[PDB]
Amino acid sequence: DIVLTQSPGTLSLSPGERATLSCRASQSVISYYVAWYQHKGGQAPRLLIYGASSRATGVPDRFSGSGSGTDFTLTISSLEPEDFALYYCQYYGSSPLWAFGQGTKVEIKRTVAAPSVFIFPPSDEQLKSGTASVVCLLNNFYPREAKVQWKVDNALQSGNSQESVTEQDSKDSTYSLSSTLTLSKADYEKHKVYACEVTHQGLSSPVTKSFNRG
Amino acid sequence: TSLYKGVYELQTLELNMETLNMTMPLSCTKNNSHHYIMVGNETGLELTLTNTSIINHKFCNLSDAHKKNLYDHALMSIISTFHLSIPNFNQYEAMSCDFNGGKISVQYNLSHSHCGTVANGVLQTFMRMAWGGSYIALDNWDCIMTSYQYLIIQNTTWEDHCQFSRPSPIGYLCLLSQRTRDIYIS
Amino acid sequence: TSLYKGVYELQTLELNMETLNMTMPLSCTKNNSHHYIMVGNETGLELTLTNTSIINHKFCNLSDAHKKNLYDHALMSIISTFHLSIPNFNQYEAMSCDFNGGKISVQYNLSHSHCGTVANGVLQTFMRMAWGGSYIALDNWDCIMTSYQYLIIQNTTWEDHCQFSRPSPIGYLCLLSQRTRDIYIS
Amino acid sequence: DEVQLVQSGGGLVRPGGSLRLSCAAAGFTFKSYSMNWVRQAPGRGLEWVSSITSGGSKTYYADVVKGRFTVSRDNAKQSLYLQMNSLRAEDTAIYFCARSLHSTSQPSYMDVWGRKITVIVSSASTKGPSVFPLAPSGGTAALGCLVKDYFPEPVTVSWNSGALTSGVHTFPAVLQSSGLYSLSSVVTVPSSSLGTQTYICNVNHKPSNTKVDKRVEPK
Amino acid sequence: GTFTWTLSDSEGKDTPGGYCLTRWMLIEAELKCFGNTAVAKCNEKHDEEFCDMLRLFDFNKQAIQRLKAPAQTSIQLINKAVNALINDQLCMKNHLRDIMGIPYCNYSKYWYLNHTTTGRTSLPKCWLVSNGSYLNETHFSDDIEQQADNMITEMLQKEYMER
Amino acid sequence: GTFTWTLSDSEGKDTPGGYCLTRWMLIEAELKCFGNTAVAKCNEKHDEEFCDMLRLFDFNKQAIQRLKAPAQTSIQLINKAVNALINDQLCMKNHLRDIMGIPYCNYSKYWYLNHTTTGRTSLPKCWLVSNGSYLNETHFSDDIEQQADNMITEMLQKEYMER
Amino acid sequence: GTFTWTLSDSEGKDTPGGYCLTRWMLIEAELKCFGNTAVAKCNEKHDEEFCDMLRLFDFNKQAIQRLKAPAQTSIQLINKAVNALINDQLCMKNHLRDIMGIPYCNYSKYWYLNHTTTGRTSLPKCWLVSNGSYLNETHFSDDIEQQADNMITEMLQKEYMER
Ligand SMILES: *[C@@H]1O[C@H](CO[C@@H]2O[C@@H](C)[C@@H](O)[C@@H](O)[C@@H]2O)[C@@H](O[C@@H]2O[C@H](CO)[C@@H](O[C@@H]3O[C@H](CO[C@H]4O[C@H](CO)[C@@H](O)[C@H](O)[C@@H]4O)[C@@H](O)[C@H](O[C@H]4O[C@H](CO)[C@@H](O)[C@H](O)[C@@H]4O)[C@@H]3O)[C@H](O)[C@H]2NC(C)=O)[C@H](O)[C@H]1NC(C)=O
Ligand SMILES: *[C@@H]1O[C@H](CO[C@@H]2O[C@@H](C)[C@@H](O)[C@@H](O)[C@@H]2O)[C@@H](O[C@@H]2O[C@H](CO)[C@@H](O[C@@H]3O[C@H](CO[C@H]4O[C@H](CO)[C@@H](O)[C@H](O)[C@@H]4O)[C@@H](O)[C@H](O[C@H]4O[C@H](CO)[C@@H](O)[C@H](O)[C@@H]4O)[C@@H]3O)[C@H](O)[C@H]2NC(C)=O)[C@H](O)[C@H]1NC(C)=O
Ligand SMILES: *[C@@H]1O[C@H](CO[C@@H]2O[C@@H](C)[C@@H](O)[C@@H](O)[C@@H]2O)[C@@H](O[C@@H]2O[C@H](CO)[C@@H](O[C@@H]3O[C@H](CO[C@H]4O[C@H](CO)[C@@H](O)[C@H](O)[C@@H]4O)[C@@H](O)[C@H](O[C@H]4O[C@H](CO)[C@@H](O)[C@H](O)[C@@H]4O)[C@@H]3O)[C@H](O)[C@H]2NC(C)=O)[C@H](O)[C@H]1NC(C)=O
Ligand SMILES: *[C@@H]1O[C@H](CO)[C@@H](O[C@@H]2O[C@H](CO)[C@@H](O[C@@H]3O[C@H](CO[C@H]4O[C@H](CO)[C@@H](O)[C@H](O)[C@@H]4O)[C@@H](O)[C@H](O)[C@@H]3O)[C@H](O)[C@H]2NC(C)=O)[C@H](O)[C@H]1NC(C)=O
Ligand SMILES: *[C@@H]1O[C@H](CO)[C@@H](O[C@@H]2O[C@H](CO)[C@@H](O[C@@H]3O[C@H](CO[C@H]4O[C@H](CO)[C@@H](O)[C@H](O)[C@@H]4O)[C@@H](O)[C@H](O)[C@@H]3O)[C@H](O)[C@H]2NC(C)=O)[C@H](O)[C@H]1NC(C)=O
Ligand SMILES: *[C@@H]1O[C@H](CO[C@@H]2O[C@@H](C)[C@@H](O)[C@@H](O)[C@@H]2O)[C@@H](O[C@@H]2O[C@H](CO)[C@@H](O)[C@H](O)[C@H]2NC(C)=O)[C@H](O)[C@H]1NC(C)=O
Ligand SMILES: *[C@@H]1O[C@H](CO)[C@@H](O[C@@H]2O[C@H](CO)[C@@H](O)[C@H](O)[C@H]2NC(C)=O)[C@H](O)[C@H]1NC(C)=O
Ligand SMILES: *[C@@H]1O[C@H](CO)[C@@H](O[C@@H]2O[C@H](CO)[C@@H](O)[C@H](O)[C@H]2NC(C)=O)[C@H](O)[C@H]1NC(C)=O
Ligand SMILES: *[C@@H]1O[C@H](CO)[C@@H](O[C@@H]2O[C@H](CO)[C@@H](O)[C@H](O)[C@H]2NC(C)=O)[C@H](O)[C@H]1NC(C)=O
Ligand SMILES: *[C@@H]1O[C@H](CO)[C@@H](O[C@@H]2O[C@H](CO)[C@@H](O)[C@H](O)[C@H]2NC(C)=O)[C@H](O)[C@H]1NC(C)=O
Ligand SMILES: *[C@@H]1O[C@H](CO)[C@@H](O[C@@H]2O[C@H](CO)[C@@H](O)[C@H](O)[C@H]2NC(C)=O)[C@H](O)[C@H]1NC(C)=O
Ligand SMILES: *[C@@H]1O[C@H](CO)[C@@H](O[C@@H]2O[C@H](CO)[C@@H](O)[C@H](O)[C@H]2NC(C)=O)[C@H](O)[C@H]1NC(C)=O
Ligand SMILES: *[C@@H]1O[C@H](CO)[C@@H](O[C@@H]2O[C@H](CO)[C@@H](O)[C@H](O)[C@H]2NC(C)=O)[C@H](O)[C@H]1NC(C)=O
Ligand SMILES: *[C@@H]1O[C@H](CO)[C@@H](O[C@@H]2O[C@H](CO)[C@@H](O)[C@H](O)[C@H]2NC(C)=O)[C@H](O)[C@H]1NC(C)=O
Ligand SMILES: *[C@@H]1O[C@H](CO)[C@@H](O[C@@H]2O[C@H](CO)[C@@H](O)[C@H](O)[C@H]2NC(C)=O)[C@H](O)[C@H]1NC(C)=O
Ligand SMILES: *[C@@H]1O[C@H](CO)[C@@H](O)[C@H](O)[C@H]1NC(C)=O
């Protein structure tokens, strides 16, 4: 089966720079059936380029297409505020009948901002129910890459924590992340000190925020 | 506005032929004497009707110019298309050229003298290639006369030459079929 | 099988162009470097892309070859059609020929050096005449390049040369209109 | 009218259930065009589901939905249908209809798209959220609400009955192993205002008719 | 030989076909879109100058977008393709008419009818000229009349087939 | 110039017209006969590659049968006749498309619809190619669809006129 | 390339169109006028020799009347215009047929049907020849028959539209 591999997975650029998005195909393909699509979250995909190089109606000319054989390119000449979204390449005719790329995200490049870490102990209502969720918050940082390590009584925890990240803030282009360690009340009172350890390239050294039950 | 059958309004459109400047030549007329066929955004070809010669010899060393290969390949094609469209051309001494350094300099001596004039053939070809606004250049079974003594074809720069007629590609594209037609064996 | 509207079955046919072998030339491709245009059941023409020259002089004595009149008249027409379709040809020293004894031996020196290369013109004509399977010979506004140094055109025997693409007449028949087009005056 | 595709259908079903998605054309010659279905499962990319030629003669399916999904059209009604049967949890996605035309005169492309159709396949029962406070512990402090164990999406969290909006981050929900969703909404406030100002999160979960307000207070 | 270049411009439209002249292709005017019924005549007619220009501008658009620009402008491509885009005997006709003092087409100005409520448009016909003077509308008014008639006939053929 | 070679193959048929490609003209296939309604379109259309090939094979058949073979194969005849058989601008179109990365016709493979009970056949259309890769049927499926429609329209026009 | 010369001869007639061959254009015969329905086919057909001759004689008439005669006869004009008047592949067809022993058109003699009471006339078709011997009427009688049929079909299409 055909495989379309876009690169990079995430393209980080400031407003007003050339964005060069790439799409590489498993096999050699006919350019006439390569298409590009923009996808913002709040709406349906938007056809940008078809036939490798034809620009669809309503597309504002900074978007261009080129490519041949196995390597195809979508280019935005001057990134504008609305141009930061997901982009997908597409090939019709092989197997699957319509093949898609995994998508490239273009984001706003920013100065590096360090996360401001906060730890939240479990509420007593939650304990009265039988489960404990301790929440660690990483606020207003860039870039998005951040490592959260949950340690209980100085023991590394794996498999008991889900993460969730906000989308880039429209004003200051920062991210925020929350890690939720979920433990049963029984295991919660087994151990005393609870800590999340944050490593981000904006921090001078890995920051740890902790608490002791009570 | 003009309304036909009550509901159909007469409307017009004018094509901007300069959009084609990167794929095909564009002809236009500056004034009575100066006419242009441009290629792209950098180079072009000025067709002059003048009493002032620029070449006093009677040579057209194309074989030399080809070997040296310094000229603009598109401009040389146009020159060839122009000269190969001249009907019944037979006075090779009425055509002088200078290609030094790769320039294009071609001079037809229209004064070599109605229908059997070499000027007739040259002017007819000039009429067809500057078709847009060539009607102001000159005033008999298609046979034409002019008081001017020379047609000069020199390469020029890309400027706002099209001061009388807007650029058009029709004159050049319609001349392409006249090549090697009514040409004499030698 | 594919059924459209329930009752129409999609079916295909492939023309056997070799049935035309006695009336018109047939082009085909043997491999990346070797291409053929055959005439009839006995003779033909091998087009070679090679780094190995076969002619070290710079002569193409066609006037002699014509007077002696030993060559195959059909093959000479094809040679003429090929060479007369080369756009903007101007380096006559890049073309060498040997017609001794009536053979056809034509060598274009592609290494005489993008769009102004004589190789461009030669390869474009080669692209059009070996149209069937010429896409495997080479990989910019129609302008082409190749790492090969020579295009050689030699008469050959009728054999099973069409080992990569099946014989077709389209390449030759569609080249016929390019003759004496974009040709320079000399 | 304007050239558009008007989506209909979708919703919530248990595994093995069925759902019929439909999509009606407006302002274009529906019969001229092939029709397509594309979905986006959460956190993943665009993925083609199935397609049907202009005259219904041919239908094609992604291997993942073969034998379960059936695409069809009614050119007289200018309508397109997707009958999803034997639904799986991984079939949860937004779904889109899109036209295309497959001729040698045009490239291939999907120019006209419908709006998203939400499909949720789960064994979970609809359940309002349990809202627990995230209490703050100089400078600025952070407090929030933990909206836990709700199904399905969405929930709308506002702070202080709409009046407090600056510096609020309501995080995307994570699907827990239980089959239920959980999220946190946080807000940073000046530490000085911890005593003077009261802080309420307002969690509305329209599918379960639940509106919960919770005081977050220090200690 | 006979022209063959097909016009491809169906994307995002209410029904495939037609052709839109962008602002770049028009002198001091906004975009002008012509429907399938008008443009589809260009596939058959052998004597409509505007159709030859449609293929010319489409070839220029296609060639620029699909081929990489050379360093020095070459006219090799247009010399190779001209006869698949325009009918060189059509402008021979216009040349012979000019030679003869008969009004002729210089390919620059065209007229069409436009329905005042449905927007339906006719295939533009060339506005003729002679010795630098363009014809007045009065010179070909009965032509405009029969064009309105063909528009009415087509509009009635459409309402019949729209059942 | 414009093609003019007429196809003559009416002998022994149920009604004059049509054209049968013999086994010699087909790669690894038995005879294929196309009816008058399909082939008669070749007298009018200016852009059907298969029609140009029909005239080409018919000219070859006629020339071989009606002229005596020379000792050495001459191509003088085909050079004299090519433009009365094929539209040299049609294959210019296919050449320009190839140059542009657009799928094009190499004149070798054609597709048609064939009614499963009445045997009625459509005029074969060229199966397109690009960089040695032939289009998949999916690439032009909607073309096959409208072809089936024209077949149905023609079959209904025949039942009406068969009264 | 494709012919484009339009025939202009509507003055004083009952309805615009048609073409009248004057006595000067006919060998030993009086004037012959052909109606619009017949002559209008010359705007579309690509293979009617008589239509090519209509444009040829009209060009000669126009050129003589609108251009001043040179001292020495020049053939420059006809060399420039020939392909806008006649289809050089049509007479290539007639040449190839001649070469092949097939009856062909030498462009000199034509036949048409003429209604004995309404005077309606068909578009004249070329009377074929071979090795100096013209075909007998019997050789193409069924052609004359279908021509009479098309005349009857057209006469019935006229009575229908004359309401
Ligand atoms: C048209 O659709 C084709 C698939 O459609 C199916 O088949 C047709 C005939 C109908 O029956 C239809 O109803 C079916 O749905 C599609 O076929 C694909 O063609 C490409 C070649 O263009 C193949 O890629 C090459 O594959 C070979 C074989 O190994 C493959 O085997 C299996 C399939 O059996 C694949 O799943 C594997 O992943 C393997 O890739 C490889 O050898 C080759 O890779 C190497 O070789 C080439 C040179 O040979 C090098 O250039 C490469 O860099 C590698 O070094 C290719 O990957 C593809 O497998 C094949 N798929 C199928 C399912 O057959 C065809 O592409 C469509 N045409 C167009 C123009 O889109
Ligand atoms: C176009 O080409 C013309 C011919 O070009 C030559 O041949 C071709 C095939 C190429 O190889 C090309 O590269 C060659 O140059 C060319 O005309 C030539 O012009 C030169 C001047 O530069 C002439 O040289 C002069 O020759 C005379 C004597 O020769 C004449 O008389 C004899 C006897 O009657 C004849 O047999 C000849 O054919 C000539 O008619 C010398 O007296 C003269 O000496 C002085 O002249 C120059 C003048 O400035 C001085 O600067 C020198 O220092 C000398 O002191 C030259 O030597 C050459 O004869 C002439 N050939 C012909 C056939 O006329 C022409 O100039 C080219 N035009 C352009 C625009 O390039
Ligand atoms: C294509 O034609 C070329 C020219 O052909 C001649 O002219 C045409 C119009 C016809 O009439 C044709 O039939 C003629 O042959 C041809 O080039 C020619 O090749 C021959 C060799 O076979 C040369 O003869 C040799 O001449 C030199 C001296 O002449 C040279 O120098 C003088 C002074 O510089 C110049 O003025 C000349 O133009 C030459 O440049 C002799 O030294 C030499 O003697 C020995 O050479 C051979 C070598 O094997 C020995 O076998 C002999 O026995 C001698 O002992 C030759 O006599 C001739 O000069 C040359 N002409 C030109 C203009 O270069 C070419 O070969 C033809 N190509 C093909 C593939 O047919
Ligand atoms: C010679 O031929 C060339 C190829 O046809 C011509 O090139 C074209 O030139 C124009 C500018 O003259 C380029 O326009 C582009 O438009 C952006 C912004 O335009 C904005 O405005 C329009 C409405 O007018 C709107 O629709 C757009 O969406 C934009 O928002 C300009 O900033 C750029 O310059 C950009 O290139 C064409 O793109 C360009 N085409 C190509 C293929 O290069 C050239 O103009 C011709 N020369 C002459 C003298 O006519
Ligand atoms: C080059 O062009 C030539 C002219 O088109 C080709 O000549 C043709 O070649 C074939 C053989 O390849 C000849 O076939 C004839 O058939 C008989 C017997 O065939 C029997 O089988 C068929 C069914 O397949 C059946 O229908 C017949 O009735 C027969 O019963 C052979 O024994 C003979 O060889 C005979 O010639 C064609 O007649 C022949 N045509 C002409 C005009 O000469 C030639 O094949 C082409 N070359 C290539 C390589 O394709
Ligand atoms: C190449 O073919 C020629 C011609 O073959 C004849 O013409 C063809 C169109 C086809 O109809 C063949 O069947 C014909 O035989 C060969 O020259 C003839 O060869 C035959 C025997 O094969 C012989 O009887 C004739 O006298 C020859 N001369 C003619 C017909 O003028 C020639 O031998 C073939 N060459 C090769 C290398 O096979
Ligand atoms: C152009 O041709 C004319 C005519 O052949 C040349 O005019 C002649 O020039 C010389 C002297 O100037 C003499 O032969 C005659 O006295 C002139 N005759 C006429 C009728 O003028 C003229 O010189 C040529 N111009 C060029 C630049 O070569
Ligand atoms: C170029 O020179 C020619 C030389 O003949 C000029 O034509 C002559 O002009 C005078 C006075 O204007 C007239 O008396 C002659 O009858 C003209 N000769 C003709 C027409 O053959 C011509 O005017 C000059 N052109 C320019 C622009 O100076
Ligand atoms: C006509 O063309 C010539 C040749 O290109 C021009 O002269 C050259 O111009 C380039 C830059 O454009 C210089 O680098 C060369 O040194 C020039 N060479 C010579 C011999 O002049 C010439 O300028 C052009 N003429 C016009 C009017 O544009
Ligand atoms: C083909 O042309 C090339 C380039 O003009 C020739 O290569 C030159 O050959 C000689 C020595 O071999 C010298 O002029 C240069 O050193 C070479 N230059 C390059 C770039 O290779 C080559 O000889 C020609 N081939 C033939 C058979 O004539
Ligand atoms: C023919 O000779 C050319 C000489 O240039 C070869 O091309 C070069 O190959 C070497 C090594 O393969 C490369 O490093 C050069 O960059 C090439 N030069 C180019 C591409 O201009 C070519 O490979 C030879 N071909 C064959 C079939 O031997
Ligand atoms: C290219 O053509 C030449 C000329 O016909 C061939 O050489 C002749 O071949 C014939 C027989 O085919 C012999 O009778 C002659 O004696 C040969 N003459 C010479 C000078 O060789 C040559 O064989 C052909 N080459 C190929 C590869 O087919
Ligand atoms: C025909 O006339 C109508 C109205 O005069 C034109 O419609 C205008 O153009 C826009 C979009 O192009 C339409 O949405 C509006 O109805 C009109 N806008 C105005 C008048 O500002 C239509 O463009 C005309 N068609 C042509 C080919 O000229
Ligand atoms: C269309 O399909 C039919 C059936 O598939 C084909 O008919 C076959 O051919 C013979 C004679 O050619 C018929 O008498 C039989 O009905 C069929 N014989 C079989 C299937 O063995 C018909 O030839 C097809 N037409 C084309 C143009 O392919
Ligand atoms: C068709 O036949 C009729 C009668 O045979 C011809 O009509 C004759 O010509 C004049 C004027 O041309 C008519 O007014 C008369 O009715 C007839 N006069 C006679 C018979 O003396 C008519 O000309 C024929 N048409 C053609 C094209 O030949
Ligand atoms: C065409 O095919 C060749 C050979 O398989 C391949 O190298 C090339 O990438 C393909 N695409 C082109 C030339 O655009």
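Residues numbered from 1 in each chain as written, not as in the entry; some residues may be left out. Chains lettered and ligands numbered in written order. Part of a larger assembly, values for the part shown. Heavy atoms only, no water.

- Method of structure determination, per the deposited record: X-ray crystallography was used for this entry, reaching 2.70 Å resolution.

1. Some remarks on the overall build of chain A
1) Next: When helices and strands are tallied, chain A shows two helices and 18 strands.
2) Next: In terms of overall dimensions, chain A has C-alpha extents of about 65 × 35 × 30 Å along its principal axes.
3) Next: When each of the 214 residues of chain A is scored for burial, the buried share is 50%.
4) Next: Long-range contacts, defined here as pairs at least 24 residues apart, represent 58% of the contacts in chain A between residues at least 6 apart.
5) Next: Summing over all exposed atoms, chain A offers an accessible surface of approximately 9100 Å²; the carbon and sulfur share of this is 46%.
6) Next: Between the averaged position of the 19 positive side-chain charges in chain A and that of its 19 negative side-chain charges there is a distance of 3 Å. (Helix = DSSP H or I, 4+ residues; strand = E, 2+ residues; numbered from the N terminus. Buried < 20%, exposed > 50% of the residue type's maximum accessible area, 1.4 Å probe, protein only. Contact = heavy atoms within 4.5 Å. Areas by Shrake-Rupley, 256 points an atom, 1.4 Å probe, with all protein chains shown as cover. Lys, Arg positive; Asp, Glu negative; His and termini not counted. Charge placed at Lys NZ, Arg CZ, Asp CG, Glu CD.)

2. Observations concerning the state of the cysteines
1) Next: Per the counting criterion, the structure on display carries 21 disulfides over all chains.
2) Next: Residue pairing for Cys-105 of chain E: its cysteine sulfur links by disulfide to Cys-126 of chain E, the two sulfurs lying 2.0 Å apart. Its S-S torsion of approximately 90 degrees makes the covalent link between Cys-105 of chain E and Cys-126 of chain E right-handed. With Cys-105 of chain E in the loop between α4 (88-99) and β3 (109-115) and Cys-126 of chain E in strand β4 (residues 125-126), the pair connects residues that are 21 residues apart, well separated along the chain.
3) Next: Note on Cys-126 of chain E: relative accessible area 10%, which makes it buried.
4) Next: Within chain D, bonded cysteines paired by disulfides and numbered along the sequence follow the pattern 1-2, 3-4.
5) Next: Sequence-ordered numbering of the bonded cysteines in chain A gives a disulfide pattern of 1-2, 3-4.
6) Next: Here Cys-91 of chain G is not cross-linked by a disulfide; its sulfur's nearest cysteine counterpart is in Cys-105 of chain G, at 9.6 Å.
7) Next: Residue class for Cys-91 of chain G comes out partly exposed when judged on its relative accessible area of 30%. (Disulfide = S-S within 2.5 Å.)

3. Digging into the sheet that holds strand β18 (residues 207-212) of chain A
Sheets are built from strands that pair by backbone hydrogen bonding, the pairs being arranged parallel or antiparallel.
Residues and elements named next belong to chain A.
1) Next: If you trace the three strands from one edge of the open sheet to the other, you get β14-β17-β18, paired in antiparallel fashion. Edge strands, defined here as strands with exactly one partner in the open sheet, are β14 (147-152) and β18. Strand-to-strand twist in this sheet, taken as the mean axis angle between neighbours without regard to direction, amounts to 15 degrees.
2) Next: Where strand β17 (residues 193-199) and β18 come together, six bridges link them in antiparallel fashion. Within the sheet, the bridge partner assigned to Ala-195 lies in β18 and is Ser-210. (Pairing = 2+ DSSP bridges. Axes fitted to C-alpha atoms, helices over the stretch in contact; angles between N-to-C directions.)

4. Some thoughts on the interface of chain B and chain E
1) Next: Contacts between chain B and chain E engage 39 residues on the former and 52 residues on the latter.
2) Next: Buried surface at the junction of chain B and chain E, summed over both partners, amounts to about 4600 Å²; 64% is from carbon and sulfur atoms.
3) Next: With its nearest N and O atoms 3.3 Å apart, the salt bridge here joins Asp-149 of chain E to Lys-5 of chain B.
4) Next: Joining chain B to chain E, the criterion identifies 20 residue pairs in polar contact.
5) Next: Of all the secondary-structure elements, those providing two or more residues to the side of chain B that touches chain E are β1 (3-4), β2 (8-14), α2 (73-84) and α4 (170-175) of chain B.
6) Next: Of the residues contributing to the side of chain B that touches chain E, the split by class is 23 nonpolar, nine polar and seven charged.
7) Next: With seven bridges connecting them, β2 of chain B and β3 of chain E associate as antiparallel partners. (Buried area = accessible area lost by both parts, 1.4 Å probe. Salt bridge = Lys/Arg side-chain N within 4 Å of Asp/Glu carboxyl O. Polar contact = N/O pair within 3.5 Å; in protein donor to acceptor, adjacent residues only side chain to side chain. Nonpolar A, V, L, I, M, F, W, Y, C, P; charged D, E, K, R; others polar.)

5. Details of the domain arrangement of chain D
1) Next: When cut into domains, chain D gives domain 1 (4-121) and domain 2 (130-216).
2) Next: Each of domain 1 of chain D and domain 2 of chain D was reduced to a C-alpha centroid, and the two centroids are 37 Å apart. (Domains from an automatic or database assignment.)

6. Some words on the environment of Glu-9 of chain B
1) Next: As for its position among the elements, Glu-9 of chain B is in strand β2.
2) Next: Between the C-alpha atom of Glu-9 of chain B and that of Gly-102 of chain B, which follows or precedes it by 93 residues, the distance is 54 Å.
3) Next: What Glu-9 of chain B contacts, discounting residues up to four positions off in sequence, is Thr-1, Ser-2 and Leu-3 of chain B together with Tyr-112, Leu-113, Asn-114 and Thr-116 of chain E.

7. Re the side chain of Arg-39 of chain D
All names here are of chain D.
1) Next: Looking at the secondary structure, you find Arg-39 in strand β4 (residues 34-40).
2) Next: On the basis of relative accessible area, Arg-39 is assigned to the buried category, the value being 5%.
3) Next: Side chain to side chain, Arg-39 and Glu-47 meet in a polar contact 2.8 Å long.
4) Next: In this structure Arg-39 touches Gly-45, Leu-46, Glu-47, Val-49, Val-64, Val-65, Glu-90, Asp-91, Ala-93, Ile-94 and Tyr-95, once residues within four positions along its chain are discounted.

8. Things to note about the site of ligand 1
1) Next: Taken together, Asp-1, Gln-27, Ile-30, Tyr-91, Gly-93 and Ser-94 of chain A together with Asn-136 and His-139 of chain F make up all the residues around ligand 1.
2) Next: At the site occupied by ligand 1, the surrounding residues belong to chains A and F.
3) Next: At 3.3 Å, a side-chain N or O of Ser-94 of chain A approaches an oxygen atom of ligand 1.
4) Next: Protein contact buries 30% of the 1200 Å² of open area that ligand 1 shows by itself.
5) Next: Looking at the shell around ligand 1, its residues break down into two nonpolar, five polar and one charged. (Near = heavy atom within 4 Å.)

9. Regarding the site of ligand 13
1) Next: Near ligand 13 the following residues occur: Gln-11 of chain B together with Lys-32, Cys-33, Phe-34, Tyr-112, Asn-114 and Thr-121 of chain E.
2) Next: In this structure ligand 13 sits where residues from chains B and E come together.
3) Next: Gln-11 of chain B is positioned such that a nitrogen or oxygen atom in its side chain is 3.2 Å from an oxygen atom of ligand 13.
4) Next: One of the side-chain nitrogen or oxygen atoms of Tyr-112 of chain E is found 2.5 Å away from an oxygen atom of ligand 13.
5) Next: At the level of elements, β2 (32-34) and β3 of chain E are the ones that each hand at least two residues to the shell around ligand 13.

10. A word on helix α4 (residues 88-99) of chain F
1) Next: The terminal C-alpha atoms of α4 of chain F lie 16 Å apart, and with twelve residues this matches the ideal 16 Å at 1.5 Å per residue to within 8%.
2) Next: Within α4 of chain F, ten of the twelve residues are buried, leaving the element largely enclosed by the surrounding structure.
3) Next: Regarding α4 of chain F, the residues found buried are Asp-88, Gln-89, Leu-90, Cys-91, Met-92, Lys-93, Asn-94, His-95, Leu-96 and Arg-97 of chain F.
4) Next: In this structure, the buried side of α4 of chain F is in contact with α3 (118-129) and α4 (170-175) of chain C, α2 (49-66) and α3 (76-85) of chain E together with α2 (49-66) and α3 (76-85) of chain F. (Expected span 1.5 Å × (residues − 1).)

11. Focus: a negative patch on the surface
1) Next: A cluster of like negative charges, contributed by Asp-142, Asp-143, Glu-145 and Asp-149 of chain G, occupies part of the molecular surface.
2) Next: Examined against the element boundaries, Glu-145 of chain G turns out to sit in helix α5 (residues 141-161). (Patch = residues over 30% accessible without salt bridge, like charges linked within 9 Å, V, L, I, M, F, W, Y side chains within 5 Å.)

12. Topic: the sheet that holds strand β6 (residues 95-97) of chain B
Residues and elements named next belong to chain B.
1) Next: If you trace the six strands from one edge of the open sheet to the other, you get β3-β4-β5-β8-β7-β6, paired in antiparallel fashion. Looking at which strands have only one partner, the edges of the open sheet turn out to be β3 (26-29) and β6. On average, each strand axis in the sheet is tilted by 20 degrees relative to the strand beside it, whichever way the strands run.
2) Next: For β6 and strand β7 (residues 105-109), the ladder comprises three bridges, and the chain directions are antiparallel. Its bridge partner being in β7, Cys-97 is matched across the sheet by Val-106.
3) Next: Across the sheet, α2 is in contact with β4 (34-39), β5 (43-50), β6, β7 and β8 (150-157); its angle to β5 comes to roughly 35 degrees.
4) Next: Helix α3 (residues 118-129) rests against β3, β4, β5, β7 and β8 of the sheet, and its axis sits at about 135 degrees to β5.

13. What to know about the packing of α3 of chain F against helix α4 (residues 88-99) of chain G
1) Next: Taken N-terminus to C-terminus, the directions of α3 of chain F and α4 of chain G make an angle of 135 degrees; their axes are 8 Å apart at the nearest point. Accordingly, the angle class assigned to the pair α3 of chain F and α4 of chain G is oblique. Crossing angle aside, the handedness with which α3 of chain F passes α4 of chain G is left-handed. On the side of α3 of chain F, the interface is formed by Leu-77, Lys-80, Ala-81, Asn-83 and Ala-84 of chain F, while α4 of chain G contributes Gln-89, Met-92, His-95 and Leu-96 of chain G.
2) Next: Classifying every residue of the contact of α3 of chain F with α4 of chain G gives five nonpolar, three polar and one charged. (Parallel < 35°, antiparallel > 145°, perpendicular 65-115°, else oblique. Left-handed = near helix turned anticlockwise from the far one by under 90°.)

14. A short note on the domain arrangement of chain A
All names here are of chain A.
1) Next: Domain parsing of chain A yields domain 1 (4-108) and domain 2 (116-212).
2) Next: Domain 1 and domain 2 are separated by 36 Å when their C-alpha centres are compared.
3) Next: Counting from both sides, the interface comprises four residues of domain 1 and, opposite them, six residues of domain 2.
4) Next: Between domain 1 and domain 2, roughly 380 Å² of surface is buried when both sides are summed, and carbon and sulfur atoms account for 25% of that area.
5) Next: For domain 1, the biggest contributors to the area lost against domain 2 are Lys-105, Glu-107 and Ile-108; these three give 95% of the whole.

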